[PDB]
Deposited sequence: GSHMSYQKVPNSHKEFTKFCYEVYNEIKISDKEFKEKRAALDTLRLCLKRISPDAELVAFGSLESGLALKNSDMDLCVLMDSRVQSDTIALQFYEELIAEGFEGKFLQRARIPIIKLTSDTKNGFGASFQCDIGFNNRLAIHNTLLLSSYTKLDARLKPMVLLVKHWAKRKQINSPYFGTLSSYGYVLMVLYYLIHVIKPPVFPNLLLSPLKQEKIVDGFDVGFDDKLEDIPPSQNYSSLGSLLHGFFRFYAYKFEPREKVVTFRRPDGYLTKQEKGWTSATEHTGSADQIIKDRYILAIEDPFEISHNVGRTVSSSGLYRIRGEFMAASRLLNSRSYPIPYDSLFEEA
(Lines of atoms letter the chains of each structure in order from A and count residues from 1; the text may use other names and numbers.)
(Lines give C-alpha, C1' and ligand atoms only; values in the text may rest on other atoms or scores of the structure.)
Protein backbone atom coordinates (compact mmCIF):
# COMPACT_ATOMS: atom_id res chain seq x y z
CA UNK A 1 0.00 0.00 0.00
CA UNK A 2 2.42 2.69 1.33
CA UNK A 3 -0.06 5.61 1.24
CA UNK A 4 0.67 6.67 4.84
CA UNK A 5 4.41 6.11 4.58
CA UNK A 6 4.49 8.23 1.39
CA UNK A 7 2.57 11.05 3.07
CA UNK A 8 5.02 10.82 5.97
CA UNK A 9 8.04 10.82 3.67
CA UNK A 10 6.94 14.11 2.02
CA UNK A 11 6.31 15.67 5.43
CA UNK A 12 9.88 14.88 6.52
CA UNK A 13 11.17 15.84 3.08
CA UNK A 14 9.86 19.42 3.54
CA UNK A 15 11.38 19.85 7.03
CA UNK A 16 14.83 18.63 5.95
CA UNK A 17 15.34 20.08 2.45
CA UNK A 18 17.49 23.18 2.11
CA UNK A 19 15.30 26.28 2.50
CA UNK A 20 15.17 28.88 -0.30
CA UNK A 21 16.72 31.32 2.18
CA UNK A 22 19.81 29.25 3.04
CA UNK A 23 20.20 28.40 -0.63
CA UNK A 24 20.23 32.17 -1.30
CA UNK A 25 22.91 32.73 1.38
CA UNK A 26 24.99 29.97 -0.20
CA UNK A 27 24.85 31.64 -3.64
CA UNK A 28 25.90 34.91 -1.97
CA UNK A 29 28.87 33.23 -0.26
CA UNK A 30 29.78 31.82 -3.69
CA UNK A 31 29.66 35.34 -5.20
CA UNK A 32 31.92 36.64 -2.42
CA UNK A 33 34.46 33.83 -2.92
CA UNK A 34 34.46 34.52 -6.69
CA UNK A 35 35.33 38.20 -6.21
CA UNK A 36 38.23 37.10 -3.99
CA UNK A 37 39.35 34.75 -6.75
CA UNK A 38 39.15 37.42 -9.52
CA UNK A 39 41.51 39.55 -7.41
CA UNK A 40 44.16 36.81 -7.56
CA UNK A 41 43.57 35.09 -10.94
CA UNK A 42 41.15 36.67 -13.46
CA UNK A 43 41.21 33.60 -15.81
CA UNK A 44 40.21 30.96 -13.21
CA UNK A 45 36.60 30.02 -12.44
CA UNK A 46 35.06 28.93 -9.14
CA UNK A 47 32.32 26.33 -9.50
CA UNK A 48 29.99 24.52 -7.12
CA UNK A 49 29.55 20.77 -7.15
CA UNK A 50 27.96 18.19 -4.84
CA UNK A 51 24.57 18.61 -3.20
CA UNK A 52 24.22 22.39 -3.71
CA UNK A 53 24.74 22.07 -7.45
CA UNK A 54 22.73 18.87 -8.05
CA UNK A 55 19.72 20.04 -6.03
CA UNK A 56 20.22 17.43 -3.29
CA UNK A 57 20.97 19.63 -0.31
CA UNK A 58 19.74 19.18 3.23
CA UNK A 59 19.43 22.05 5.72
CA UNK A 60 22.70 23.27 7.25
CA UNK A 61 24.59 22.07 4.22
CA UNK A 62 28.30 22.14 3.49
CA UNK A 63 29.63 23.59 0.24
CA UNK A 64 31.84 21.72 -2.21
CA UNK A 65 33.72 24.02 -4.54
CA UNK A 66 36.29 23.66 -7.24
CA UNK A 67 38.70 26.07 -8.90
CA UNK A 68 39.10 25.58 -12.64
CA UNK A 69 42.25 27.00 -14.24
CA UNK A 70 44.73 26.37 -17.08
CA UNK A 71 46.54 23.03 -16.69
CA UNK A 72 49.90 24.74 -17.41
CA UNK A 73 49.45 26.96 -14.33
CA UNK A 74 50.65 25.20 -11.16
CA UNK A 75 47.64 24.59 -8.94
CA UNK A 76 49.46 24.90 -5.60
CA UNK A 77 50.72 28.44 -6.38
CA UNK A 78 47.30 29.99 -6.97
CA UNK A 79 45.83 27.77 -4.25
CA UNK A 80 48.09 29.52 -1.75
CA UNK A 81 47.43 33.01 -3.15
CA UNK A 82 43.72 32.27 -3.07
CA UNK A 83 44.02 31.03 0.53
CA UNK A 84 45.91 34.20 1.58
CA UNK A 85 43.16 36.40 0.02
CA UNK A 86 40.46 34.47 1.90
CA UNK A 87 42.20 34.90 5.26
CA UNK A 88 42.65 38.62 4.45
CA UNK A 89 38.94 38.80 3.57
CA UNK A 90 38.17 37.33 6.99
CA UNK A 91 37.60 33.63 6.37
CA UNK A 92 39.08 31.03 8.68
CA UNK A 93 40.35 27.67 7.53
CA UNK A 94 43.25 25.52 6.47
CA UNK A 95 45.49 25.14 3.47
CA UNK A 96 46.65 21.57 2.91
CA UNK A 97 48.11 19.37 0.19
CA UNK A 98 47.70 15.60 -0.12
CA UNK A 99 50.37 14.26 -2.48
CA UNK A 100 49.97 16.56 -5.53
CA UNK A 101 46.49 17.86 -4.68
CA UNK A 102 46.06 21.20 -2.83
CA UNK A 103 42.85 21.74 -0.79
CA UNK A 104 41.39 24.74 1.04
CA UNK A 105 39.06 24.02 3.99
CA UNK A 106 37.08 27.03 5.20
CA UNK A 107 35.46 26.53 8.60
CA UNK A 108 34.21 30.04 9.32
CA UNK A 109 33.43 33.63 8.25
CA UNK A 110 34.25 36.39 10.77
CA UNK A 111 33.09 39.30 8.59
CA UNK A 112 30.96 38.64 5.47
CA UNK A 113 27.93 37.32 7.44
CA UNK A 114 27.57 33.75 6.10
CA UNK A 115 27.73 31.95 9.48
CA UNK A 116 29.88 31.23 12.53
CA UNK A 117 30.31 27.72 11.12
CA UNK A 118 30.46 28.22 7.37
CA UNK A 119 31.86 24.91 6.09
CA UNK A 120 33.36 24.92 2.62
CA UNK A 121 35.90 22.72 0.82
CA UNK A 122 37.73 24.20 -2.18
CA UNK A 123 39.54 21.82 -4.56
CA UNK A 124 41.63 22.51 -7.65
CA UNK A 125 40.80 21.08 -11.09
CA UNK A 126 38.62 18.34 -9.66
CA UNK A 127 36.94 18.04 -13.06
CA UNK A 128 35.65 14.52 -12.33
CA UNK A 129 33.51 15.68 -9.38
CA UNK A 130 31.97 18.39 -11.60
CA UNK A 131 31.02 15.76 -14.17
CA UNK A 132 29.58 13.23 -11.75
CA UNK A 133 27.60 16.12 -10.26
CA UNK A 134 26.26 16.80 -13.80
CA UNK A 135 25.12 13.16 -13.93
CA UNK A 136 23.26 13.31 -10.56
CA UNK A 137 21.92 16.72 -11.55
CA UNK A 138 20.58 15.17 -14.76
CA UNK A 139 18.86 12.25 -13.04
CA UNK A 140 17.30 14.75 -10.60
CA UNK A 141 15.66 16.46 -13.59
CA UNK A 142 14.56 13.09 -15.04
CA UNK A 143 12.12 12.04 -12.31
CA UNK A 144 10.78 14.05 -9.40
CA UNK A 145 10.90 11.16 -6.92
CA UNK A 146 14.71 11.06 -6.84
CA UNK A 147 15.36 14.27 -4.87
CA UNK A 148 13.16 13.48 -1.89
CA UNK A 149 14.23 9.83 -1.97
CA UNK A 150 17.90 10.86 -1.71
CA UNK A 151 17.39 13.50 1.02
CA UNK A 152 15.45 10.97 3.13
CA UNK A 153 18.16 8.37 2.67
CA UNK A 154 20.85 10.96 3.54
CA UNK A 155 18.83 11.98 6.61
CA UNK A 156 18.42 8.35 7.70
CA UNK A 157 22.13 7.50 7.27
CA UNK A 158 23.07 10.61 9.29
CA UNK A 159 20.64 9.83 12.10
CA UNK A 160 21.79 6.17 12.25
CA UNK A 161 25.53 7.15 12.45
CA UNK A 162 26.27 5.31 9.21
CA UNK A 163 27.30 8.47 7.33
CA UNK A 164 30.94 8.80 8.56
CA UNK A 165 33.79 8.09 6.10
CA UNK A 166 36.37 8.74 8.88
CA UNK A 167 34.84 6.32 11.37
CA UNK A 168 34.36 3.46 8.95
CA UNK A 169 31.06 4.07 7.14
CA UNK A 170 29.92 5.67 3.87
CA UNK A 171 29.95 9.17 2.41
CA UNK A 172 26.64 10.74 1.31
CA UNK A 173 27.83 10.54 -2.28
CA UNK A 174 28.06 6.75 -1.82
CA UNK A 175 24.45 6.52 -0.64
CA UNK A 176 23.40 8.56 -3.68
CA UNK A 177 25.05 6.00 -5.95
CA UNK A 178 23.40 3.19 -3.94
CA UNK A 179 20.06 4.90 -4.60
CA UNK A 180 20.79 5.43 -8.30
CA UNK A 181 22.01 1.88 -8.65
CA UNK A 182 18.75 0.54 -7.18
CA UNK A 183 16.60 2.87 -9.31
CA UNK A 184 18.46 1.92 -12.52
CA UNK A 185 19.45 -1.73 -12.20
CA UNK A 186 17.29 -3.36 -9.54
CA UNK A 187 13.77 -1.95 -9.57
CA UNK A 188 11.42 -3.35 -12.24
CA UNK A 189 10.32 -1.65 -14.30
CA UNK A 190 13.40 0.59 -14.02
CA UNK A 191 12.79 4.08 -12.61
CA UNK A 192 15.74 5.35 -14.66
CA UNK A 193 17.71 4.22 -17.73
CA UNK A 194 21.53 3.97 -17.49
CA UNK A 195 22.61 7.20 -19.22
CA UNK A 196 26.20 5.96 -19.56
CA UNK A 197 25.08 2.88 -21.52
CA UNK A 198 22.64 4.83 -23.68
CA UNK A 199 23.13 4.17 -27.37
CA UNK A 200 23.11 8.02 -27.68
CA UNK A 201 26.02 8.57 -25.30
CA UNK A 202 29.07 10.39 -26.73
CA UNK A 203 32.57 9.70 -25.48
CA UNK A 204 34.17 12.48 -23.43
CA UNK A 205 37.63 12.01 -21.94
CA UNK A 206 38.63 14.14 -18.97
CA UNK A 207 41.68 13.23 -16.84
CA UNK A 208 41.85 9.79 -18.49
CA UNK A 209 38.24 8.74 -17.77
CA UNK A 210 35.11 8.60 -19.95
CA UNK A 211 32.66 11.09 -18.41
CA UNK A 212 30.22 10.73 -21.29
CA UNK A 213 26.49 10.20 -20.85
CA UNK A 214 23.23 10.96 -22.64
CA UNK A 215 22.13 14.42 -21.48
CA UNK A 216 19.47 15.13 -24.10
CA UNK A 217 17.02 14.64 -21.26
CA UNK A 218 14.07 16.14 -23.06
CA UNK A 219 14.19 13.23 -25.59
CA UNK A 220 14.03 10.46 -23.00
CA UNK A 221 10.69 8.73 -22.39
CA UNK A 222 9.44 8.96 -18.78
CA UNK A 223 9.58 6.02 -16.37
CA UNK A 224 7.17 3.11 -16.72
CA UNK A 225 7.56 2.67 -12.97
CA UNK A 226 4.58 4.22 -11.13
CA UNK A 227 5.63 3.52 -7.54
CA UNK A 228 5.03 6.01 -4.75
CA UNK A 229 8.03 7.46 -2.90
CA UNK A 230 7.19 5.22 0.06
CA UNK A 231 7.27 2.10 -2.12
CA UNK A 232 10.56 3.06 -3.73
CA UNK A 233 12.10 3.61 -0.31
CA UNK A 234 10.86 0.26 0.97
CA UNK A 235 12.25 -1.51 -2.12
CA UNK A 236 15.57 0.30 -1.58
CA UNK A 237 15.93 -0.75 2.10
CA UNK A 238 14.82 -4.34 1.30
CA UNK A 239 17.34 -4.76 -1.51
CA UNK A 240 20.37 -3.69 0.50
CA UNK A 241 19.08 -5.49 3.60
CA UNK A 242 18.50 -8.92 2.04
CA UNK A 243 19.38 -9.30 -1.61
CA UNK A 244 22.61 -7.40 -2.30
CA UNK A 245 25.73 -9.45 -1.61
CA UNK A 246 28.47 -7.02 -0.33
CA UNK A 247 31.10 -9.73 0.18
CA UNK A 248 30.91 -10.67 -3.48
CA UNK A 249 29.29 -7.96 -5.58
CA UNK A 250 30.05 -4.43 -6.79
CA UNK A 251 27.60 -1.55 -7.14
CA UNK A 252 28.27 -0.52 -10.75
CA UNK A 253 26.97 1.65 -13.60
CA UNK A 254 29.08 -0.07 -16.28
CA UNK A 255 27.06 -3.25 -16.83
CA UNK A 256 23.77 -3.39 -18.75
CA UNK A 257 22.44 -5.82 -16.11
CA UNK A 258 24.28 -4.21 -13.16
CA UNK A 259 26.21 -7.43 -12.49
CA UNK A 260 29.84 -7.19 -11.37
CA UNK A 261 31.84 -9.42 -9.04
CA UNK A 262 34.55 -8.06 -6.78
CA UNK A 263 36.83 -10.63 -8.48
CA UNK A 264 36.36 -9.39 -12.08
CA UNK A 265 37.52 -6.08 -10.75
CA UNK A 266 40.40 -7.23 -8.50
CA UNK A 267 38.70 -5.84 -5.40
CA UNK A 268 39.13 -8.57 -2.77
CA UNK A 269 39.61 -1.38 1.41
CA UNK A 270 36.95 -3.29 -0.51
CA UNK A 271 34.62 -4.46 2.28
CA UNK A 272 31.90 -2.41 0.56
CA UNK A 273 32.43 -2.01 -3.21
CA UNK A 274 30.89 0.91 -5.12
CA UNK A 275 32.62 1.61 -8.44
CA UNK A 276 32.37 5.31 -9.31
CA UNK A 277 30.47 5.72 -12.58
CA UNK A 278 33.37 7.71 -14.17
CA UNK A 279 36.52 7.20 -12.11
CA UNK A 280 36.10 3.43 -12.30
CA UNK A 281 39.34 2.70 -10.40
CA UNK A 282 37.92 4.52 -7.37
CA UNK A 283 35.97 2.50 -4.84
CA UNK A 284 33.57 5.06 -3.38
CA UNK A 285 33.01 2.69 -0.41
CA UNK A 286 36.71 2.25 0.44
CA UNK A 287 36.12 4.02 3.80
CA UNK A 288 33.76 1.27 4.98
CA UNK A 289 35.22 -1.05 7.59
CA UNK A 290 34.08 -4.51 8.58
CA UNK A 291 32.14 -3.19 11.60
CA UNK A 292 30.85 -0.22 9.62
CA UNK A 293 29.32 -2.58 7.05
CA UNK A 294 27.79 -4.69 9.80
CA UNK A 295 26.09 -1.55 11.09
CA UNK A 296 25.10 -0.34 7.63
CA UNK A 297 23.53 -3.75 6.90
CA UNK A 298 21.84 -3.93 10.30
CA UNK A 299 20.24 -0.52 9.77
CA UNK A 300 19.00 -1.56 6.33
CA UNK A 301 17.52 -4.70 7.95
CA UNK A 302 15.87 -2.69 10.76
CA UNK A 303 14.42 -0.21 8.22
CA UNK A 304 12.99 -3.14 6.20
CA UNK A 305 11.53 -4.74 9.36
CA UNK A 306 9.86 -1.45 10.45
CA UNK A 307 8.24 -0.88 7.03
CA UNK A 308 7.16 -4.52 6.84
CA UNK A 309 5.91 -4.59 10.43
CA UNK A 310 2.36 -5.73 11.05
CA UNK A 311 1.89 -3.93 14.36
CA UNK A 312 -0.23 -0.88 13.60
CA UNK A 313 0.27 1.99 13.89
CA UNK A 314 3.75 1.66 12.35
CA UNK A 315 6.13 4.08 14.17
CA UNK A 316 7.49 5.69 10.98
CA UNK A 317 9.29 8.24 13.22
CA UNK A 318 11.75 5.58 14.44
CA UNK A 319 13.24 5.65 10.93
CA UNK A 320 14.90 9.00 11.71
CA UNK A 321 15.56 8.60 15.43
CA UNK A 322 19.22 8.65 16.50
CA UNK A 323 20.75 5.15 16.54
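Unmodelled regions of the deposited chain, listed from N- to C-terminal end, are 1-11, 280-294.
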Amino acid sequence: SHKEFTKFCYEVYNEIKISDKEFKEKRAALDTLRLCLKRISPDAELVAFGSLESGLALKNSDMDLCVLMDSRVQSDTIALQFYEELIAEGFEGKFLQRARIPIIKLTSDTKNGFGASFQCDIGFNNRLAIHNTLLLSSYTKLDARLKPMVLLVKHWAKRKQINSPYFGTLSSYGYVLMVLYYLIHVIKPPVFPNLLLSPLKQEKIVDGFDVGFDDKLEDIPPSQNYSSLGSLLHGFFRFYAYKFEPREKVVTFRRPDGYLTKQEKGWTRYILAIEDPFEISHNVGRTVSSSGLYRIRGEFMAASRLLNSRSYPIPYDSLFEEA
From here on, numbers count along this sequence of modelled residues.
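Note that the rigid core is defined as the largest set of C-alphas that superpose within 1.5 Å between two forms.
Annotation: of the segments 76-84 and 181-189, 76-84 departs further from this form in 6 other deposited structures of this protein (C-alpha atoms, root mean square over structures and residues, core superposition). In this crystal structure, the stretch out of 140-148 and 98-106 whose C-alpha atoms carry the higher mean B factor is 98-106. 37-45 and 270-278 differ in mean CA B-factor, and the higher of the two is recorded for 37-45. Take 154, 238, 216, 131 and read off each C-alpha B-factor from the entry; 216 has the highest. Within the listed group 191, 197, 88, 250, the record reports its top CA B-factor for 88. Split the chain's modelled residues into thirds by C-alpha temperature factor. Residue 69 is in the highest one.
Placement of the Cα temperature factor of residue 283 within the chain: lowest third of the modelled residues, per the deposited record. Residue-level temperature factors show residue 299 in the lowest third of its chain, judged at the C-alpha atom.
Annotation for residue 61: CA B-factor lies in the middle third of the chain's modelled residues.
Residue-level temperature factors show residue 111 in the highest third of its chain, judged at the C-alpha atom.
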